[PDB]
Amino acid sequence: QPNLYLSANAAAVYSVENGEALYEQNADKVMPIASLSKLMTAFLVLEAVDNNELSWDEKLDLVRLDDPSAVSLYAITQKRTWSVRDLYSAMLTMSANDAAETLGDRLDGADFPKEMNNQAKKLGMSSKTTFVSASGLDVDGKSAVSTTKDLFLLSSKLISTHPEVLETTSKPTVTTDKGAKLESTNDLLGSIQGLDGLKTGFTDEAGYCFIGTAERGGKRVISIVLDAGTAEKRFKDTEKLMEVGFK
């Protein structure tokens, strides 16, 4: 494997069509994943729409966050009520913590973590993965954790099961049903050719994280970066992994 000098503590890049590792560093290490959890919440939202259990146009009230510091949709709009479509866009695009919790509550109430982890097993994720919340925010002091290998299995299964997820994560700005314009946290859209996903994350404990995906000429790769040192270093690391991915 190439000799990369990454900021990330754990990182990897995988080819989708065979699951093969093209670079791996601490790929089995258990790491806090924070807002990367929202990829599982997105998975279960799409599963529910497909199962005829959830309407894109159903209106929901944003739940209040326990911590007023976490990034939230209500804070930048002062609007309480949103469609499921808009909450799902806000969750994926700006990483709105209140939007994710609102979707998880609608789906399964206080039993959403069980459904997150059941889906994890069903997707092939190892017992090292444990979700605690739809947003990835800590719950009663417990943290969402996974490994880079497991996050690849989740990401690849999400994209193969629900490829329309990329219609949202590929956009640098999503104009919601209501009207608000949400800016993507994915600073690499329009920078790396073919890159169209997937999701950022950050807490003090998780460091700066990013799951990226790109496709060129039929070949799609997924990169995982956990615990990089700054908001831009997780993308610098991702640029290195994507060049390895398409070597």
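Take the two forms, superpose them, and find the largest set of C-alpha atoms that agree within 1.5 Å; that set is the rigid core. Numbers for residues come from their place in the sequence shown, where the first is 1.
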{"property": "Stretch with larger C-alpha RMS deviation in 4 other deposited structures of this protein, core superposed, 177-185 versus 201-209", "result": "177-185"}
{"property": "Mean temperature factor over C-alpha atoms, higher-scoring stretch between 206-214 and 174-182", "result": "174-182"}
{"property": "Stretch exceeding the other in mean C-alpha B-factor - 122-130, 154-162", "result": "122-130"}
{"property": "Identity of residue with top Cα B-factor, from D50, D67, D57, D196", "result": "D67"}
{"property": "Of the residues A27, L189, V45, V221, the one carrying the largest Cα B-factor as recorded", "result": "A27"}
{"property": "Cα B factor band for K142 (lowest, middle or highest third within the chain)", "result": "highest"}
{"property": "Cα B factor band for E232 (lowest, middle or highest third within the chain)", "result": "middle"}
{"property": "Within-chain third of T169 by Cα B-factor, per the entry", "result": "lowest"}
{"property": "Among modelled residues of the same chain, the CA temperature factor third for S15", "result": "middle"}
{"property": "Chain-wide C-alpha B factor ranking for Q78, given as lowest, middle or highest third", "result": "highest"}
